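Here's the structure, in structure tokens; my notes come after.
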Amino acid sequence: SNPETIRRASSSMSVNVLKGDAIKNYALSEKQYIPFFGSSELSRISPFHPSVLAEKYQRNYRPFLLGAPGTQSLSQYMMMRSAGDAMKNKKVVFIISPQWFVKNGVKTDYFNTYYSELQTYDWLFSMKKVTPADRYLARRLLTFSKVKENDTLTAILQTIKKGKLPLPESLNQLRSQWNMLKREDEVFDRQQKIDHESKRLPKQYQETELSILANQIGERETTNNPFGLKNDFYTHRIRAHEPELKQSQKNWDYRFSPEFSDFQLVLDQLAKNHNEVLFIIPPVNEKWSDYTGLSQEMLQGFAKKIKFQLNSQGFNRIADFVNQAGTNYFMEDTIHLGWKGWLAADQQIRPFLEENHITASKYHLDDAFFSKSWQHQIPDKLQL
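Quick note: the sequence shown, position 229, residue 1394 per this note's numbering, numbers continuous.
Structure follows, in structure tokens:
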């Protein structure tokens, strides 16, 4: 609970922090820590990363990074729900990755990495009534073998799936294990890189000076391939298979997925907490999609669909960057925001978190977004 430990934790993306309670919930209880949800893009520390800009320009917040490689909506819902009241009324930044929204949803391997018995039990002991969100989550959890290993939990989830509140005597069978997990959590570093990158920035914030610097760094760091990819990413992840990747994504589609309904869990909790949220939708590097055949029209349809889900329920603060696919150096690689992209995000993050302007969101949740109909809905006929 030492302040330097919390600061270190706020940028660690440590799986033990993301699956735990003691550190993240204390930090979220402090006014200064603003949760940034997302996935692996949050580890892209450069001079333009949100934590570097906030530190260099002495802003009144510090991001607490809660995404990590493979964290999608279900895992981040569990983080939010287990924080409970620590999240009430906070501002939130949430990066929506289009790649999460694949036909079969979050890979089992990703779910298993972040599955937290502590946070699952937190939810169960928090429930006072069964809402459609609770029924959906129980239905989802019951499809993962790691959850099924636990017979006591499985029977409780079956009760919730049927719409019934588990009896206290039933939940009490988990209480000993829950308390053990809580004690262990109570008892059991990127700051130097953030500081280093901060020294590369101008003393005074000036967006165009920053843009020029982002273009200079991007150009210097993408010299070994034709696609605008960071050199080490190209060398380690692309080069060995580069011929085979041509046209490999021509039939990929992110418009249909259980992830739309997992994402609805996030929206349910954000609304119940009265969170004000900035959602960010990144593009895919157009030089790369040109090569792989991934359809930009399809990505625009994904964005239309997710924006309908957001806007129809009152989430109207959205930085949609899908149309920045052709902006050099917007992405660091094939999926992760990079120098110009993080700088562009700052143009909406900064006035939100610093309250240059203030708007009030009022939410109207619709449980239809948990349905298979929504998961399979084609975006083109949607109209608000």
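Heads up, the beta-carbon is just placed ideally off N, CA and C, and yes, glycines get one too.
Buried or exposed (CB count within 10 angstroms, at least 16 for buried), residue i
i, result
"residue 1353", "exposed"
"residue 1354", "exposed"
"residue 1168", "exposed"
"residue 1578", "Outside the displayed span of the chain (1166 to 1549) sits residue 1578, for which this structure offers no information."
"residue 1212", "buried"
"residue 1412", "exposed"
"residue 1519", "exposed"
"residue 1206", "buried"
"residue 1200", "buried"
"residue 1512", "exposed"
"residue 1328", "exposed"
"residue 1291", "exposed"
"residue 1527", "exposed"
"residue 1546", "exposed"
"residue 1215", "buried"
"residue 1470", "buried"
"residue 1510", "buried"
"residue 1248", "buried"
"residue 1549", "exposed"
"residue 1439", "exposed"
Nearest-angstrom Cα separation, counted from residue j out to residue i
i, j, result
"residue 1492", "residue 1444", "20 Å"
"residue 1378", "residue 1174", "29 Å"
"residue 1347", "residue 1237", "24 Å"
"residue 1362", "residue 1210", "8 Å"
"residue 1480", "residue 1533", "16 Å"
"residue 1234", "residue 1204", "5 Å"
"residue 1432", "residue 1441", "11 Å"
"residue 1295", "residue 1397", "48 Å"
"residue 1344", "residue 1190", "17 Å"
"residue 1280", "residue 1380", "39 Å"
"residue 1276", "residue 1302", "13 Å"
"residue 1320", "residue 1246", "21 Å"
"residue 1208", "residue 1332", "42 Å"
"residue 1177", "residue 1427", "25 Å"
"residue 1452", "residue 1251", "42 Å"
"residue 1273", "residue 1309", "7 Å"
"residue 1405", "residue 1399", "9 Å"
"residue 1394", "residue 1323", "47 Å"
"residue 1437", "residue 1365", "41 Å"
"residue 1262", "residue 1447", "7 Å"
"residue 1540", "residue 1416", "18 Å"
"residue 1507", "residue 1465", "20 Å"
"residue 1456", "residue 1463", "15 Å"
"residue 1515", "residue 1522", "10 Å"
"residue 1531", "residue 1257", "21 Å"
"residue 1325", "residue 1307", "11 Å"
"residue 1196", "residue 1458", "45 Å"
"residue 1287", "residue 1244", "10 Å"
Range covered by the beta strand (DSSP E) that runs through residue i
i, result
"residue 1445", "1441 to 1446"
"residue 1229", "1227 to 1230"
"residue 1399", "Unbroken run through residue 1399: none, as it is neither H nor E."
The alpha helix (DSSP H) enclosing residue i, as first and last residue numbers
i, result
"residue 1187", "1187 to 1194"
"residue 1168", "1168 to 1175"
"residue 1199", "Element bounds for residue 1199: not the alpha helix (DSSP H) but the beta strand (DSSP E), 1198 to 1202."
"residue 1456", "1451 to 1457"
"residue 1336", "1333 to 1336"
"residue 1425", "1424 to 1437"
"residue 1317", "1316 to 1326"
"residue 1361", "1356 to 1363"
"residue 1181", "1180 to 1183"
"residue 1418", "Unbroken run through residue 1418: none, as it is neither H nor E."
"residue 1215", "1215 to 1221"
"residue 1383", "1372 to 1385"
"residue 1390", "No alpha helix (DSSP H) contains residue 1390, which DSSP labels as neither H nor E."
"residue 1350", "1340 to 1352"
"residue 1313", "1310 to 1313"
Proximity to residue i [Cα-Cα], best of the options
i, options, result
"residue 1496", "1272, 1449, 1529", "1449"
"residue 1517", "1484, 1247, 1535", "1484"
"residue 1420", "1430, 1460, 1284", "1460"
"residue 1318", "1298, 1328, 1342, 1297", "1342"
"residue 1255", "1476, 1435, 1508, 1540", "1435"
"residue 1408", "1391, 1424, 1359", "1391"
"residue 1369", "1315, 1541, 1221, 1271", "1221"
"residue 1269", "1418, 1549, 1530, 1522", "1418"
"residue 1351", "1288, 1185, 1196", "1185"
"residue 1232", "1259, 1374, 1311", "1259"
CB contact check: residue i to chain B, cutoff 8 Å
i, result
"residue 1357", "The question asks about chain B, but that chain is absent: this structure has only one protein chain."
Runs of 3 residues minimum, wholly inside the stretch 1246 to 1299: which ones carry the beta strand (DSSP E) assignment? 1256 to 1260
Secondary structure, alpha helix (DSSP H): runs of 4+ residues fully inside the stretch 1463 to 1538: The stretch 1463 to 1538 contains these whole alpha helix (DSSP H) runs: 1504 to 1518.
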